[PDB]
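These notes are about the structure you will find just below.
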Ligand SMILES: C[C@]12CC[C@@H]3c4ccc(O)cc4CC[C@H]3[C@@H]1CC[C@@H]2O
Ligand SMILES: C[C@]12CC[C@@H]3c4ccc(O)cc4CC[C@H]3[C@@H]1CC[C@@H]2O
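Protein chains in written order, with PDB author numbering: chain A, 310 to 330, 337 to 460, 466 to 550; chain A', 310 to 330, 337 to 460, 466 to 550; chain B, 1 to 11; chain B', 1 to 11. A prime marks a further copy of an entry chain.
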């Protein structure tokens, strides 16, 4: 499958635009509500990725369990790429850095997202680049946690097809062979910071609900429970 | 400065080979002892990196404070690349996965390191590749935590010089233009997992010492305190 | 099983 | 200051 078709398929697999409908409990309800709704469509997004359905059901749950928060946050960052000092969770749900105070430790997590958003601008991130990154995030997970991959190589095959798609995209974006090979580096180095926010988000979302302040969602809680933190 | 000279300079900056001299307290003392000793020479290693000394003292501490555990672990993994099921902290300090049981939660951290070691083999990681990665780790940190970089661009300049050095190295290793551009991807995707172990190692090293079981080292504790966890 | 197992086996 | 500040200003 040629990469230029892979870039169109990644665009087609994109989940729909979602809408919504503040103190500590209200902030958490609103964000956890949006997470659970996006989690449902993220399942559909993954299935459309080439080779995903051919994986075992054991491997499909494994990648989604390991990367769901990373996948969420890169999506939230990408929706806020062109809105400064603001996190665009939904089109009608716009929050700034200030009102994270309502939740303890939230304002810390907002700044790392906003900085990653402001970074995306300076790099002039393109939509094709984001689609490969968000896809690469799903498959680069499940490289340790724990639990093993039944078909570890098949996942690497899908990862290399998206790698080649991102490479192909950069090869025809107006970049010389010097900056061509380095733009790939600048985009993949962002994956470490996103994973860092994942561990901070998971740990924050675990302190809550263990404080009995997160609403009962059966999908969100199954995804948090999939990490088995303490 | 041409990249091939950068690869030699990275090799020259390498810290010396270190030596050492089990229950819970003994395991922790041995590993924390080795960490503090390596931390001292890691300071010397960073100073030799081109452009590092020209940074402000505020920026030098910032990169080392943010990445010291990542830098440590990639070093431990790289020393254990060609010894299976074993972590080579020092040449005379050889541990396997089994005796991590002495410390609570340690055996979990050992497996992620060992898996990252076994990965390095399958990719047939080369020493030049490791030198750029360990260097890239130091500079890719300090991209958020928090605290700002005085000269954020100067750090990116040093990061791009090491990026070009790793690119140059791969361009003459026997790789076609298809696998050339993807080997860079496979090596940088490992940085997310290493950062993940960093957050797990930091949190484990914080539970200890707060349990009053880690020996008094003034450098190691200053580096842990630099993250200000809770 | 989970809701994940259900949503993955859907259409 | 710290020991880090000392080891960085050394030679
Ligand atoms: C997961 C949290 C609630 C849901 C938030 C969310 C919700 C939806 C979304 O698309 C992205 C994010 C990223 C930040 C998440 C938050 C970080 C901490 C909090 O627990
Ligand atoms: C930091 C820990 C002690 C020191 C260990 C060490 C010590 C030296 C070294 O070169 C690498 C590592 C990686 C794993 C570290 C451990 C992980 C958890 C523990 O707190």
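C-beta: ideal position from N, C-alpha, C; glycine also.
- Per the CB criterion, closer than 6 Å to any heavy atom of ligand 2, the qualifying residues run in chain order as 346/A', 347/A', 349/A', 350/A', 353/A', 387/A', 388/A', 390/A', 391/A', 404/A', 424/A', 521/A', 524/A', 525/A'.
- With a threshold of 7 Å, the Cβ atom of residue 410/A does not count as near ligand 1, since no heavy atom of the ligand is closer than that.
- The DSSP-derived three-state label of residue 409/A' is strand.
- When the Cα atoms are used, residue 419/A and residue 518/A turn out to be separated by approximately 17 Å.
- Excluding its 5 nearest sequence neighbours in each direction, residue 371/A has C-beta neighbours in its own chain below 8 Å: 470, 471, listed in chain order.
- The three-state reading of DSSP puts residue 514/A' in helix, counting H, G and I together.
- Taking non-hydrogen atoms of ligand 1 into account, the C-beta of residue 528/A is found less than 7 Å away from one of them.
- When 9 Å is used as the limit between beta carbons, residue 538/A is near these residues of chain B: 2, 3, in chain order.
- Residue contact check for residue 542/A' against chain B': a CB pair falls below 8 Å.
- Using a Cβ-Cβ cut-off of 8 Å, residue 375/A' counts as an interface residue toward chain B', since at least one Cβ of chain B' sits closer than that to its own.
- Taking a contact to require three or more Cβ pairs closer than 8 Å, the segment 519-528 of chain A and the segment 390-404 of chain A do not qualify as touching.
- Interface annotation, residue 520/A': not in contact with chain B', CB-CB separation never under 8 Å.
- For residue 381/A', the enclosing alpha helix (DSSP H) covers residues 372-394.
- At least 8 Å separates the beta-carbon of residue 474/A' from that of residue 315/A'.
- Against chain A', a Cβ distance below 7 Å from residue 516/A picks out 515, 519.
- The segment 314-329 of chain A' makes contact with the segment 352-361 of chain A', as at least three CB pairs between them are under 8 Å.
- Unbroken alpha helix (DSSP H) stretches of 4 residues or longer found wholly inside the segment 408-452 of chain A: 421-437, given in chain order.
- The Cβ of residue 430/A sits closer than 8 Å to at least one Cβ of chain A'.
- Fewer than three Cβ pairs drawn from the segment 441-448 of chain A and the segment 424-433 of chain A lie within less than 8 Å of each other, which leaves the two stretches out of contact.
- In the three-state DSSP reduction, residue 362/A' falls in the helix class (H, G or I).
- Annotation: residue 494/A' is outside any alpha helix (DSSP H) and is labelled neither H nor E by DSSP.
- Here residue 321/A' has 363 as same chain residues with Cβ atoms under 8 Å from its own Cβ, once five neighbours each way along the sequence are excluded.
- Of all alpha-carbon atoms in 374/A, 317/A, 323/A, the one lying nearest the alpha-carbon of residue 466/A is that of 374/A.
- In the DSSP annotation of this structure, the continuous segment of the alpha helix (DSSP H) that includes residue 543/A starts and ends at 538-545.
- DSSP places residue 369/A outside any alpha helix (DSSP H), giving it a letter other than H or E.
- Below the 7 Å Cβ cutoff, chain B contributes 4 as neighbours of residue 379/A, in chain order.
- Residue contact check for residue 546/A against chain A': no CB pair falls below 8 Å.
- The closest CA to that of residue 549/A, considering only 526/A, 540/A, 534/A, 339/A, is found on 526/A.
- Of the heavy atoms belonging to ligand 1, at least one sits nearer than 7 Å to the Cβ of residue 384/A.
- In the structure shown, residue 352/A' adopts helical secondary structure according to DSSP, grouped into three states.
- For residue 7/B, the enclosing alpha helix (DSSP H) has its first and last residue at 3-8.
- Around the CB of residue 489/A', 16 or more other CB atoms lie within 10 Å, so the residue is classed as buried.
- Secondary structure of residue 402/A (DSSP, three-state): strand.
- In terms of beta-carbon proximity, residue 533/A' stays away from the interface with chain B', with every pair separated by 8 Å or more.
- Under a 10 Å Cβ-count criterion, residue 413/A' is classified as exposed, with fewer than 16 other Cβ atoms of the shown protein chains found around its own Cβ.
- Residue state for residue 328/A' is assigned as coil, using DSSP reduced to three classes.
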